[PDB]
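Single chain ahead, by itself, as structure tokens, in the form deposited in one PDB entry.
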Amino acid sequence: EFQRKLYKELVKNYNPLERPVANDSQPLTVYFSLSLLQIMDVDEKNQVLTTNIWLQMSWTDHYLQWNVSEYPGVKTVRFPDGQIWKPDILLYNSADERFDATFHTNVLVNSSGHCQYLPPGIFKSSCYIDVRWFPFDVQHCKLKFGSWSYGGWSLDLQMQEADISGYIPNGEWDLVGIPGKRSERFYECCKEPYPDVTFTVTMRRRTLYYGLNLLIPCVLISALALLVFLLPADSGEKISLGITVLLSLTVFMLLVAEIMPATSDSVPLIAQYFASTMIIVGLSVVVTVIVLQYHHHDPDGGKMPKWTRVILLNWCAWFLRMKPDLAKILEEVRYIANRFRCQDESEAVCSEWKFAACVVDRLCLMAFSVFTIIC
């Protein structure tokens, strides 16, 4: 009875076009805040933050006022989109194909004219995502809100601290905080300044999954590439091991090409580890080729340079703690004996080249080890 009467009286001559101030020369104060409910998604490749947010807007409407003695029990009223003046506050840096993602709900007005408006929405905002320090990276995503067509002379936007009481923690992003800052800006469009409120959502990535999926595979690849230096050359498998470890690395590069977020803005420090490991694997293949040249050296070819015969077989080697008819028959047997004694000599020469390969092989083992550590 009284709710009906009030609803009929309130709209008499009301104009949703009119900014509802008593004095036209004065600006209308609008308090703007928001409630952060959940960080739905952080799109690194598209540079888009998705959030579930309840916007909070409050203003006084001069015309929507009533004495609650003449309408007993009617302490508030509600108006849908289009029947009440509302601030046209938009998210400036929206990434939504519709640009305005707010779901339009009721404005709640009490008897002194105070208008409350809390539209929810899944908001997409354009956020510059810096993955230089990925996975230990902190992102500052700005949410810039402001009246689109009401400037500072007409709509005095004011900020209130963002609400996080209802926040639901994300399983990948730790909410550091959501500070806000009201600014008064000028635009080439207009001589009048347009205030805005910007909420910076500071997020801290929880790195566990990434440290478990991206870093241990590099240690296992590097380790399996460094086992080539322990594999004997007689096996005939050093190249198989090293080249197959590199093929596995390439497959893991496909995986990394998917798991790791790339935005092309910088060079994630983490990727200097992927590079260190690809270079250690390729250089262990190059050094396995050098060791194989040493091991398979031709005994009838060149002679081992005295230079290397002392650099490796002596110095490095020590540092590694490594160590008539009767006469006709005589000529026939002597040939055989000397043939034997000559292949034996060639086998000894071969044994030094085979030994040098072992020494070079272990030196590379230790050298490659320390290099991994520092990197």
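In this text, rigid core is short for the largest set of C-alphas that superpose within 1.5 Å between two forms. Numbers follow the displayed sequence, beginning with 1.
Pick one of none, 1 to 3, 4 to 9 or 10 or more for the number of deposited-sequence residues not modelled between residue 323 and residue 324. Per the record, 10 or more deposited residues are absent between residue 323 and residue 324.
Beyond what is shown, the protein has a form deposited in another entry; the following relates to that form.
Entry of 287, 256, 231, 175 that shows, once the rigid core is matched between this form and the one not shown, a C-alpha shift of 2 Å or more: Comparing the C-alpha positions, the one residue that moves 2 Å or more is 256.
CA of residue 81, rigid core aligned, shift of 2 Å or more between this form and the one not shown: No, residue 81 moves less than 2 Å.
Residue shift check between this form and the one not shown, rigid core fit, residue 298 Cα at least 2 Å: Comparing forms between this form and the one not shown, the residue 298 CA shifts below 2 Å.
2 Å or more on the CA of residue 265 between this form and the one not shown, with the rigid core superposed, yes or no? Yes.
I want to verify one pair: residue 259 and residue 142. Are their C-alpha atoms nearer or more distant in that other deposited form compared with the form I supplied, knowing the change is 3 Å or more? Relative to the displayed form, residue 259 and residue 142 draw closer in that other deposited form - a change of at least 3 Å between their C-alphas.
Closer or farther: C-alpha pair residue 50/residue 263 in that other deposited form, relative to this form, given a change of 3 Å or more: Compared with this form, residue 50 and residue 263 lie farther apart in that other deposited form.
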